[PDB]
Amino acid sequence: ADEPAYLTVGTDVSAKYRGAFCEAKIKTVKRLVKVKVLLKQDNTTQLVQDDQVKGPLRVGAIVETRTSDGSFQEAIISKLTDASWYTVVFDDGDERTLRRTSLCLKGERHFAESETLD
C-alpha cells in the first residue's frame, strides 16, 4: 500500500492552498475510492472508502459496507468517487492528507488557476 498505488511515495509535489502553490513531499500513498453506497434495507446513502466497503467496486454492484452504526449492511454502489490520500509533508514539517486534486506534482500551471477535473 505504501507503494506507487496511484502515484508514488517520496515524490516532491506542490499542493494548492487558496489558489497558490505550497511544496510538499509525499510521505504516504493511499489509494482509496469513495464509494457511494446505498443501503438496500435502510435506503440510506453514504459515501465511504473501499476499506469500509467489502465487495466489488462496480456501480450497481451489491456489497457490504460499514454504516455509521458500526454494522455492515448489504448495500449497492451508486457512484465511485476517485480519491487518494497523499499524506504530504510540507516544508513546515507538517504532514497532511491531501486528495490528488490538490497535488500539482511538479507545479506546472495547470493547477491553482486551471482545473477542468482532468
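Residues numbered from 1 in each chain as written, not as in the entry; some residues may be left out. Heavy atoms only, no water.

- Structure determination for this entry, per the PDB record, employed solution NMR.

### Topic: the overall build of the chain
1) Next: A count of helical and extended segments in the chain gives 0 helices and 7 strands.
2) Next: Taken from N to C terminus, the helices and strands of the chain fall in the order β-β-β-β-β-β-β.
3) Next: Summarising its shape, the C-alpha atoms of the chain cover approximately 45 × 30 × 20 Å along the three principal directions.
4) Next: Per-residue burial over the chain gives 30% buried out of 118 residues.
5) Next: Summarising the internal contacts of the chain: among those between residues at least 6 apart in sequence, 46% fall at separations of at least 24.
6) Next: Taken as a whole, the chain presents about 7500 Å² of accessible surface, with 47% of it coming from carbon and sulfur. (Helix = DSSP H or I, 4+ residues; strand = E, 2+ residues; numbered from the N terminus. Buried < 20%, exposed > 50% of the residue type's maximum accessible area, 1.4 Å probe, protein only. Contact = heavy atoms within 4.5 Å. Areas by Shrake-Rupley, 256 points an atom, 1.4 Å probe, with all protein chains shown as cover.)

### Re the pairing of strand β6 (residues 72–90)
1) Next: Of the pairings in the sheet, the one linking strand β2 (residues 20–39) to β6 comprises 15 bridges and is antiparallel in character. Its bridge partner lying in β6, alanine 24 is registered against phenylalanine 90.
2) Next: For strand β5 (residues 62–66) and β6, the ladder comprises 5 bridges, and the chain directions are antiparallel. Within β6, the residue paired with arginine 66 across the bridge is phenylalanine 72.
3) Next: Counted along the chain from β5 to the antiparallel partner β6, the turn is 5 residues long, and its residue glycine 70 has a positive phi close to 95°.
4) Next: The pairing of β6 with strand β7 (residues 95–99) spans 5 bridges and is antiparallel. If you follow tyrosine 86 over to β7, its bridge partner there is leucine 98.
5) Next: Here β6 folds back onto β7 in antiparallel fashion, the turn holding 4 residues, of which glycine 93 has a positive phi close to 100°. (Pairing = 2+ DSSP bridges.)

### Let's talk about the pairing of β5
1) Next: The alternating pattern of β5 places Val63 and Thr65 on a buried face and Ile62, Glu64 and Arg66 on a face that is not buried.
2) Next: For strand β4 (residues 53–54) and β5, the ladder comprises 2 bridges, and the chain directions are antiparallel. Bridging from a neighbouring strand, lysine 54 pairs with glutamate 64 of β5.

### Section: the pattern of salt bridges
1) Next: Summed over all chains, the structure comprises 6 salt bridges.
2) Next: The partner of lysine 16 in a salt bridge is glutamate 115, and the shortest N-O contact between them spans 2.7 Å. One end of the pair, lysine 16, is in strand β1 (residues 12–17); the other, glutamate 115, is in the segment after β7, with 99 residues separating them in the sequence.
3) Next: With relative accessibility at 21%, the residue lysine 16 sits in the partly exposed group.
4) Next: Close ionic contact of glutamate 74 with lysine 40 constitutes a salt bridge, the shortest N to O distance being 2.6 Å. Placement of the pair is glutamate 74 in strand β6 and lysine 40 in the loop between β2 and β3 (45–49), with a sequence separation of 34 residues.
5) Next: Looking at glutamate 74, the relative accessible area reads 37%, which means it is partly exposed. (Salt bridge = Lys/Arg side-chain N within 4 Å of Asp/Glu carboxyl O.)

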